[PDB]
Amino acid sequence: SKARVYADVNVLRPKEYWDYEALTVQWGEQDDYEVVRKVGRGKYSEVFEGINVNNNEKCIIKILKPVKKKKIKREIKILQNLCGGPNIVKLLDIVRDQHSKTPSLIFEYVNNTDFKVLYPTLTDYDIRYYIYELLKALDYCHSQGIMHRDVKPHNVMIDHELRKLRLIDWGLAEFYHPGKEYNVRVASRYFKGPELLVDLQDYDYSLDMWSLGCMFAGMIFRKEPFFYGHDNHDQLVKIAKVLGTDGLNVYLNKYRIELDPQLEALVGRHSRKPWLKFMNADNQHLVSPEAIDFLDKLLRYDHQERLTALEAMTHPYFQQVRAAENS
């Protein structure tokens, strides 16, 4: 399997663009940034809000708790290559953290409003708008030969007041190379694509489109997460209970994949459950034929059948967003 788009991006670029291991950081000075308070944590990162001592503006300080250095260079190299892209967080500086020998990434400040409180208030139009903004970020990073691999509400910061969106945490992001087999223990459980769950390792940018689909489904149906599995095996079961096993079967057959016996039994057999079956009084104001058509084209077992970020952006669902933009 290989990406249907942007497959040769890293093939055409200098080895220095994607060879993150050869990266040598220009360590800045730690006293240049002052921590003001904690704001959260990734899987292996402590995040704080700070202030640049020199120019007094606000910044974000992400201390990469022991991640592994190979992994630290990867994230830095990717952030450097993506800086300036639409709706992508911007890396301003890189320093050493006193309490530890942990690198510490300084980002431009991003005001975010917790999605758990924000999402319930978004109107039909707001959802179209923000998803389109997120799509701009994905088509951009894909066009630059990079897969984010951890798309989820938690990594999409939105300033609802200024209507600004930023795709964050590129700690699991990677460079796409045709035919390469990647690790499947990426992304967060609820947003893991079928490829990660059946061990199809030569996956590509399309993985992000599945995760986007999961986020989108949770938003329009007001059910988060939309696929609520309790472990990776159960996650595939939850997906199969909605998309049906008929399609799962065609997929496994196409890619010559054999589900282990345990997982195959857990999956069982299920008929497809119509998207409209998920509509109720709480989400009626968000479920429209265009929303469902767009969603349907994202949540496909076959990663090769999913919309690309560029195609997604031209879907009629976003027609008003584009119209408004062309002015």
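By rigid core we mean the largest C-alpha set that fits within 1.5 Å across both forms. One rule holds for the numbers: they count along the sequence shown, beginning at 1.
- For the pair 99-107 and 140-148, rigid core superposition yields a higher RMS C-alpha distance in 4 other deposited structures of this protein in 99-107.
- With every structure aligned by its rigid core, 52-60 is the stretch of 52-60 and 291-299 whose CA positions lie farther away in 4 other deposited structures of this protein.
- Higher mean CA temperature factor between 159-167 and 92-100: 92-100, per the PDB entry.
- Between 7-15 and 311-319, the higher mean Cα B-factor belongs to 7-15.
- Residues shown: 73, 116, 256, 152. Highest C-alpha temperature factor in the entry: 256.
- Among the modelled residues of its chain, residue 130 has a C-alpha B-factor that falls in the lowest third, as given in the PDB entry.
- Per the deposited record, the Cα B-factor of residue 302 falls in the lowest third when ranked against the other modelled residues of its chain.
- When all modelled residues of the chain are sorted by CA temperature factor, residue 111 is found within the highest third.
- In the deposited entry, the Cα temperature factor of residue 47 sits in the middle third of values across the chain's modelled residues.
- Sort the modelled residues of the chain by CA B factor and residue 33 lands in the highest third.
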